[PDB]
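For reference, the structure is listed below as structure tokens.
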Amino acid sequence: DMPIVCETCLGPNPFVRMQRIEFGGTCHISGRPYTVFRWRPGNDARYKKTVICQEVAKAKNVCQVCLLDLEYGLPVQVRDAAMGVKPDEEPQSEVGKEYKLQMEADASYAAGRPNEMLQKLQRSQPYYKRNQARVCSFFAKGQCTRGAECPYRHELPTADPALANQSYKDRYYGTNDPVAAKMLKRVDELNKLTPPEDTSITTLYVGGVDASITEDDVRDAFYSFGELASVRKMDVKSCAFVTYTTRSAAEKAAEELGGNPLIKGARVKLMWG
Amino acid sequence: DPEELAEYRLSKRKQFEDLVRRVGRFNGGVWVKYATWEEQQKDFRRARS
Amino acid sequence: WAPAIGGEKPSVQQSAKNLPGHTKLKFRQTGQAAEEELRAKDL
Amino acid sequence: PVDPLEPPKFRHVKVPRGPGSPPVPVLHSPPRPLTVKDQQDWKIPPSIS
Amino acid sequence: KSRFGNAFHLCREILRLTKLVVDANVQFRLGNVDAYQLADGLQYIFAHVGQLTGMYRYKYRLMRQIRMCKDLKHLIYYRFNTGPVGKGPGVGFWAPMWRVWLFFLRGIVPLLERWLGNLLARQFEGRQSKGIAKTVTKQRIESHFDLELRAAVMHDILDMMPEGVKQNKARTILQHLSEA
Amino acid sequence: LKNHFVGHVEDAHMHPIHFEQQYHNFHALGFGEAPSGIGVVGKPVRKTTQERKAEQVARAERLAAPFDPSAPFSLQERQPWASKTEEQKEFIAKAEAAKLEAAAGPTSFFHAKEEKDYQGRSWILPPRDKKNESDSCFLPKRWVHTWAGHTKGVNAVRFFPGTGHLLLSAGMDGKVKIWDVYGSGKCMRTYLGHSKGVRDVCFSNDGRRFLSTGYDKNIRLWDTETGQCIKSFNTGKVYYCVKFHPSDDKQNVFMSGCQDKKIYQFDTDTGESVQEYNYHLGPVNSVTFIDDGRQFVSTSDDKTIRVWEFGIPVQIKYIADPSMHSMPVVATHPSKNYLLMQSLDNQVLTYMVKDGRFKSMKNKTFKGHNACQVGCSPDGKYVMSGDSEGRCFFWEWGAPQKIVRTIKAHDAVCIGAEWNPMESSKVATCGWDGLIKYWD
RNA sequence: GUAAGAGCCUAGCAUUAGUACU
RNA sequence: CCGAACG
RNA sequence: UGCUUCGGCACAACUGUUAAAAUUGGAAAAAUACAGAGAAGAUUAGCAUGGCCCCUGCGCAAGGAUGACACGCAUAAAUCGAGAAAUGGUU
Ligand SMILES: [Mg+2]
Ligand SMILES: [Mg+2]
Ligand SMILES: [Mg+2]
Ligand SMILES: [Mg+2]
Ligand SMILES: [Mg+2]
Ligand SMILES: [Mg+2]
Ligand SMILES: [Zn+2]
Ligand SMILES: [Zn+2]
């Protein structure tokens with residue numbers, strides 16, 4: 001009766017004219033005939049249509065269009081990784097998938113605390129630039145006569161060449177989805193604060209600390225991950241020294257608090273002191 | 001044991017699924033063999049199913 | 001040994017035997033054992 | 001609006017029928033004991049054609 | 001796999017007839033043919049559909065359109081050539097046989113749309129070869145009897161057995177029934 | 001408790017002006033009314049009386065034009081409208097031509113002390129101190145050497161022709177290797193360059209050049225003493241069998257079997273393929289030259305063994321029987337009259353090929369074991385083969401049905417098996433464990 | 001001699017979603 | 001009266 | 001373009017499954033080679049049954065080798081207790 005859609009994939013307009021093509025397509029996952037919806041998110045947009053069944057949509061809490069999760073807008077991998085949940089059991093076969101469907105007809109995503117991981121790795125404002133014309137394939141080959149009139153983007157494709165071959169079923173299930181792979185390697189580096197070649201440096205530098213955070217407040221921060229050798233304030237730099245007694249505790253404190261944690265609101269950075 | 005196992009298991013599971021879609025409903029005996037085999041494979045999600 | 005069980009867009013194949021026919025029902029009138037007529041008598 | 005000339009768009013898919021509704025307790029009276037006699041008066045000889 | 005049925009073949013023999021008629025008029029219009037030659041050739045097309053199309057192979061009831069156009073031709077040719085007018089091509093009074101084939105076409109348009117929609121549905125939906133009921137026809141009459149007969153005996157068997165008797169001797173009872 | 005799935009869908013009823021008007025106040029202008037009745041949304045991004053009058057002027061002016069009722073109208077313009085950065089795309093299209101034309105190395109690590117001996121002699125020059133042992137070959141009895149250095153299992157080793165003092169083996173580690181047998185037993189030098197494991201070995205006549213086929217689809221011919229790559233031929237086909245013609249005249253040419261079922265007879269002199277044999281039907285497994293390079297019989301995955309003439313692109317004869325099996329290894333019997341074909345049914349069949357008369361010698365067939373290169377005894381009394389369990393089997397010549405010697409050689413598959421042509425009872429075994437053993 | 005199928009190579013039907021950085 | 005398919 | 005107090009009003013109101021593409025993948029077929037047919041001796045007519053097997057057909061026909069398949073090859077342990085005897089611990 002209404003698509004299950006990412007609210008980015010409805011564009012800025014509070015009013016939406018959308019075309020409703022009942023039996024307009026086959027679900028890109030369950031291969032099922034379903035009701036397609038087509039619309040132009042905004043004036044700079046193209047016409048996007050739903051890509052999957054409504055059920056196959058609301059199973060994995062993903063948009064019918066972008067196949068991204070509905071709460072955070074990250075691919076189904078990145079959300080399944082932060083959800084920590086098992087690999088997809090759902091049958092890849094379509095005899096299997098339709099059998100699972102016809103079963104579930106005749107007779108876990110809404111009750112989770114907001115994962116900081118997903119929240120940390122998500123876009124603040126909407127990726128409206130995802131609702132925009134493809135790139136003019138005749139502009140690429142240099143043979144576009146349509147001039148600036150082309151409804152297609154007059155730019156060249158600037159994309160990872162292992163990407164641009166993404167599979168629907170794999171972006172919906174979560175297997176070898178190169179975009180979420182790139183994203184998790186990003187978070188792998190950001191979760192990779194370099195523990196230096198010096199093994200004995202047992203201090204962590206805490207920079208960017210706004211003044212209302214006190215030294216015992218950052219002590220309340222860092223006591224959990226190991227014994228503190230000494231904590232040292234200097235508000236002139238808005239920064240702090242924290243030395244521990246064991247290296248692995250400062251390793252813990254880097255690994256958990258490297259991806260920019262916020263102590264009582266202050267966006268603070270960690271470095272190996 | 002690796003990926004030679006897995007494909008023997010594919011072969012015997014396709015054998016079981018074929019036998020079961022043929023003979024499964026009308027004459028008992030078969031699901032016991034299928035389920036004891038999946039128990040031999042120590043696959044209990046499959047054997048419970 | 002075991003019969004087929006017969007559980008139940010729509011397909012657009014139209015049979016010849018499924019074309020409209022006998023499209024209204026006959027009901028029992030007064031004089032053909034209609035139910036209100038038959039309460040009236042001692043059978 | 002759909003094209004009037006648009007032929008049937010989707011091919012139909014075949015699945016085995018699902019499990020059905022869940023089973024229901026078999027609310028029987030106590031088993032009535034088969035004598036060994038009435039075990040023997042239902043021994044059916046094999047058929048020799 | 002390339003054996004087409006009566007829907008395809010009726011459609012294409014009907015399209016062959018409309019080709020013949022349209023081509024007769026196109027010959028008139030290119031100038032290759034008179035108006036008298038067009039009229040005689042149209043009345044020829046309409047009187048000779050069993051010779052020019054082969055359409056009766058796929059709907060043999062249209063032998064009555066062919067018999068009617070033959071009777072119409074006998075009458076028109078007799079009443080036409082009375083006098084010096086005589087015995088050959090030249091009679092182009094085509095509206096009687098034209099309207100015979102127009103009646104054919106009006107009555108067969110619904111039948112052929114059904115048949116061709118069914119052909120198109122089997123092509124695009126696939127054959128619904130799945131649990132639709134087969135009639136019991138003359139060739140299945142004796143085998144269905146035995147199906148039903150054995151099923152009946154099996155009914156009785158399962159009801160005749162006492163409560164704790166292994167209900168698998170029914171196959172040997174069915175063999176005894178075959179033997180008997 | 002919500003209506004739709006991701007929110008609440010509720011029916012609405014307005015008059016149609018209002019949807020469109022609001023949809024286009026926001027749609028076009030950027031900023032419009034919230035449909036909830038709460039303020040406005042977003043951020044913002046006629047006609048006249050003199051101009052109206054002047055258009056009325058031009059209208060009355062076109063009316064003032066003189067009309068000549070005598071004159072017909074003509075058409076002057078008659079269809080004027082019909083007959084009618086670049087830099088980044090220039091650079092991109094340059095990159096397209098680049099990746100288009102591009103769409104359309106191997107080294108040596110020497111392991112001896114000094115590559116040459118006391119008399120300026122290269123280490124591949126056959127030592128004089130070794131002679132022929134006995135005119136009869138003898139069965140292997142004990143371990144002598146174990147040629148290790150292979151990081152994974154090897155494909156096969158081959159004895160250097162004539163003297164048998166050193167052996168060259170190709171491995172699943174990606175390298176071809178050369179090992180001494182008679183003195184140090186050392187790896188003399190490594191030669192690598194295959195992008196994955198190499199597939200087989202076939203040496204040149206005198207041992208100066210060495211051709212190696214690889215799972216990289218590249219057939220690289222290199223040196224023995226200097227270890228430099230002479231050439232590398234590739235077409236995009238997976239190679240299995242390499243052999244140069246046993247004649248000393250045309251040793252510049254070699255053979256190449258590819259799983260494209262084609263046998264390319266290749267010029268190591270020019271570099272481009274000299275001849276193409278495409279008469280096979282399945283993968284190219286094994287090939288052996290017969291009648292002194294005159295005839296080459298090829299083994300195929302369509303189960304046919306096809307004898308052909310060198311230079312004749314029409315297959316001479318094909319032999320393919322209902323009981324024929326996959327032929328991974330062909331062995332050339334010493335008499336040049338026989339071939340040993342390895343059948344996937346765990347047998348070694350002896351075929352007779354004498355003066356173009358090829359027959360099945362289905363009496364002299366060896367069986368009992370389980371791509372083992374068959375090794376021939378130098379006088380022809382012994383046949384050796386690999387087996388599943390690391391076992392080397394030796395059959396007697398008069399009694400291929402009497403299993404003479406069973407050798408527990410290796411822990412895993414043993415594919416390479418070669419009788420020393422200069423020794424009487426020393427053999428070479430090579431397995432898929434990275435282990436090679438010398439028998440004595 | 002049916003003619004069925006398995007596969008191999010080469011083999012022109014359907015799709016419009018997705019491409020981030022303190 | 002009158003011809004096509006299939007087996 | 002009307003109407004015009006000549007200022008301006010009125011009227012008219014959101015195309016495009018957006019490609020001249022780009023990929024993109026999956027397909028029947030062809031050759032090759034494989035190998036190549038129900039029932040019980042042989043040779044043979046069939047009509048069925050069951051279903052995630054289809055094909056031809058307008059098909060609630062008919063056909064496709066009785067269309068195919070299955071079809072059991074039951075290395076489906078369908079499996080075990082009765083008692084004497086006799087031997088083993090302990091007194
Ligand atoms: Mg019949
Ligand atoms: Mg027949
Ligand atoms: Mg039948
Ligand atoms: Mg039939
Ligand atoms: Mg027959
Ligand atoms: Mg049948
Ligand atoms: Zn969306
Ligand atoms: Zn363009």
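Scope of the values below: all heavy atoms of this structure, side chains included, with no hydrogens, waters or symmetry mates. Lettering follows sequence order; numbering is per chain, from 1.
- Separating the CG atom of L111(E) from the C1' atom of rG59(I) is a distance of 12 Å, rounded to the nearest angstrom.
- Between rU1(I) and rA48(I), neither a Watson-Crick nor a G-U wobble pair is formed under the 3.5 Å criterion for both distances.
- Where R59(F) and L116(E) meet RNA chain I, the nucleotide closest to each residue was compared, and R59(F) sits on the side nearer the 5' end.
- Judged by atom type and distance alone, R140(E) does not reach the base of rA48(I) through any side-chain donor-acceptor pair under 3.5 Å.
- Among the atoms of the strands shown, base atoms are found under 4.0 Å from some heavy atom of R127(E).
- A close approach under 4.0 Å does occur between a side-chain nitrogen or oxygen of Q139(E) and OP1 or OP2 of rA62(I).
- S93(A) comes within 4.0 angstrom of no nucleic acid atom, judged by non-hydrogen atoms across all strands.
- Nucleotide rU19(G) holds its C1' atom 7 Å from the OH atom of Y127(A), rounded to whole Å.
- Between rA22(I) and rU16(G), both key atom distances fall under 3.5 Å, giving a Watson-Crick or G-U wobble pair.
- In this entry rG7(G) carries a north-puckered sugar, per its positive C1'-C2'-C3'-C4' angle.
- Interatomic distance, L10(A) CG to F15(A) CZ, rounded to the nearest 0.5 Å: 13.5 Å.
- A donor-acceptor contact under 3.5 Å is formed by the side chain of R186(A) with the base of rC21(G).
- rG50(I) and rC69(I) are base-paired: they meet the Watson-Crick or G-U wobble geometry, with both hydrogen-bonding distances under 3.5 Å.
- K129(A) comes within 4.0 angstrom of nothing in the nucleic acid, heavy atoms only.
- Rounded to whole Å, the distance from CZ on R46(F) to P on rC9(I) is 5 Å.
- Under the 3.5 Å cutoff applied to both distances, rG2(I) and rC9(I) qualify as a Watson-Crick or G-U wobble pair.
- Across all strands, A164(A) comes closer than 4.0 Å to base atoms (heavy-atom distances).
- The residue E20(F) sits apart from the nucleic acid: no heavy atom pair falls under 4.0 Å.
- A159(A) comes within contact range of at least one nucleobase, with a heavy-atom separation under 4.0 Å.
- In this structure, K169(A) does not reach the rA17(G) phosphate: none of its side-chain N or O atoms is under 4.0 Å from OP1 or OP2.
- When heavy atoms are screened at a 4.0 angstrom cut-off, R267(A) is found touching the sugar-phosphate backbone but no base atom.
- The distance between atom CZ of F26(B) and atom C1' of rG51(I), rounded to the nearest whole Å, is 11 Å.
- One distance of note links CG of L101(A) with CD1 of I29(A); it measures 11.5 Å at 0.5 Å rounding.
- Note on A45(A): a base of the nucleic acid sits closer than 4.0 angstrom, heavy atoms only.
- Here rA19(I) has a south sugar; its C1'-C2'-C3'-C4' angle has a minus sign.
- Between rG46(I) and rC3(I), neither a Watson-Crick nor a G-U wobble pair is formed under the 3.5 Å criterion for both distances.
- Closest approach to the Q56(F) side chain among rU4(I), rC58(I), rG3(H) is made by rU4(I) (side chain taken as heavy atoms from C-beta onward).
- Taking 90° from 0 as the syn/anti boundary, the base of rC73(I) is oriented syn.
- Between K120(A) and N260(A), the side chains place no donor N or O within less than 3.5 Å of an acceptor N or O (distance only, hydrogens not considered).
- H28(A) comes within 4.0 angstrom of the backbone, heavy atoms only, and of no base.
- Distances shorter than 4.0 Å separate none of the side-chain N or O atoms of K130(E) from OP1 or OP2 on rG51(I).
- Across all strands, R40(A) comes closer than 4.0 Å to base atoms (heavy-atom distances).
- Glycosidic torsion of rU32(I) falls outside 90° of 0, placing the base in anti.
- For the pair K134(E) NZ and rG57(I) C1', the computed distance is 11 Å after rounding to whole Å.
- On the basis of its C1'-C2'-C3'-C4' angle being negative, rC60(I) carries a south sugar.
- Below the 3.5 angstrom threshold, one finds a donor paired with an acceptor across the side chain of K49(A) and the base of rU17(I).
- For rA20(I), the base is stacked against the aromatic ring of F138(A), per a cut-off of 5.5 Å between centres and 30° between planes.
- Looking at heavy-atom distances under 4.0 Å, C9(A) makes contact with sugar-phosphate atoms alone, never a base.
- Between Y168(A) and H28(A), the ring-plane angle classifies as parallel under the 30° and 60° cut-offs.
- Residue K1(E) contributes atom NZ, which lies 10 Å from atom P of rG5(G) at whole-angstrom precision.
- A syn base is found at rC6(I): its glycosidic angle is within 90° of 0.
- In this entry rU79(I) carries a south-puckered sugar, per its negative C1'-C2'-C3'-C4' angle.
- Between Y152(A) and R146(A) there is a side-chain heavy-atom pair separated by less than 4.5 Å.
- With rounding to the nearest 0.5 Å, the separation of CG in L67(A) from SG in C9(A) is 9.5 Å.
- As a whole-Å value, the separation of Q166(A) CD from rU23(I) P is 17 Å.
- Among the nucleotides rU18(I), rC52(I), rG8(I), the one closest to any side-chain atom of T49(F) is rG8(I).
- Note on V95(A): a base of the nucleic acid sits closer than 4.0 angstrom, heavy atoms only.
- Between the CD atom of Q13(C) and the P atom of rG59(I) there is a distance of 5 Å, rounded to whole Å.
- For the atom pair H27(F) NE2 and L29(F) CG, the distance stands at 10.0 Å (nearest 0.5 Å).
- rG5(G) and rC34(I) are base-paired: they meet the Watson-Crick or G-U wobble geometry, with both hydrogen-bonding distances under 3.5 Å.
- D160(A) comes within 4.0 angstrom of no nucleic acid atom, judged by non-hydrogen atoms across all strands.
- In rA74(I) the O4'-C1'-N dihedral to the base is within 90° of 0, which defines a syn nucleotide.
- By the 5.5 angstrom centroid cut-off and the 30-degree plane limit, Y152(A) is classified as stacked against the base of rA19(I).
- Annotation: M68(E), atom CE; neighbour count of heavy atoms from other residues, nucleotides and ligands within 6.0 Å does not exceed 12.
- Shown here, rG63(I) forms a base pair with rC55(I); the pair counts as Watson-Crick or G-U wobble because both key distances fall under 3.5 Å.
- The residue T48(F) sits close to a base: some heavy atom pair falls under 4.0 Å.
- Candidate nucleotides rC58(I), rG18(G), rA20(G) were compared by shortest atom distance to the side chain of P75(A), and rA20(G) ranks first.
- For the pair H24(F) and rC14(I), the ring geometry qualifies as stacking, because the centroid separation is below 5.5 Å while the planes lie within an angle under 30°.
- Proximity of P41(A) to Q132(A): side-chain heavy atoms (C-beta onward) are nowhere separated by under 4.5 Å.
- A sub-4.0 Å separation between OP1 or OP2 of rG57(I) and a side-chain N or O of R3(E) is absent.
- Under 3.5 Å, the side chain of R130(A) and the base of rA20(G) form no donor-acceptor pair of N or O atoms.
- With 3.5 Å as the limit, one finds no donor-acceptor pair spanning the side chains of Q65(E) and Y56(E).
- Residue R46(A) has no polar side-chain atom (N or O) positioned under 4.0 Å from OP1 or OP2 of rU16(G).
- A positive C1'-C2'-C3'-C4' angle places the sugar of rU32(I) in the north (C3'-endo) family.
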